[PDB]
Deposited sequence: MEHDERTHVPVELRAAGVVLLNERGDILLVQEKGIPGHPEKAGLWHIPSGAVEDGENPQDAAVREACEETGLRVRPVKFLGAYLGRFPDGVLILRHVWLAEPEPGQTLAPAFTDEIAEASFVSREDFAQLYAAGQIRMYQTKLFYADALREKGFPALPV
């Protein structure tokens, strides 16, 4: 790695989880509106400057869904750029919920609700253009493979 390269500053970092239950259903969060319903995405939030992204993913998951989760394995990170040029690096971990918990979403001006969705219904949501970031499907597929669950309908 002695080949020279310049630094590309990333101003924002987000961290979230692909949380699967025992049946392979995925936990998703729904936006509050856009007659159209809000789109769905994984539990995720901003990583404070200097804080560990993995810890942030766990914190954000709890804040949005009310569930305490355990990070199991890092799945990946991808880069986006806002119109003003700001870069955001999104991090995703495969996670599992701690036992004996009840889903209790934090309803805000940004979150309408959160819930577990089956593989089959997720496929319908995706085909219907209801998954905000298509990367959710890519990471869900990764998670299913890791946990040994059946692949998404196809």
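- Unmodelled regions of the deposited chain sequence (numbering from residue 1, in sequence order): 1, 36-39.
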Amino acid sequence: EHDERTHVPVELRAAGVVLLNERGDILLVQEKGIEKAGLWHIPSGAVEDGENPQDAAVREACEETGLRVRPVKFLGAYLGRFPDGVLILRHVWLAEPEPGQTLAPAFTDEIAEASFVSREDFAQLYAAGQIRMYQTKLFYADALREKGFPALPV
From here on, numbers count along this sequence of modelled residues.
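- In this entry, the higher average B-factor at the C-alpha atoms falls on 44-52, of the pair 120-128 and 44-52.
- Stretches compared: 3-11, 144-152. Higher mean C-alpha B-factor in the entry: 144-152.
- Between the residues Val58, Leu27, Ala37, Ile88, it is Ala37 that shows the highest Cα B-factor in the PDB record.
- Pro83 sits in the middle third of its chain by CA B factor, as recorded in the PDB entry.
- Compared with the other modelled residues of the chain, the Cα B-factor recorded for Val92 ranks in the lowest third.
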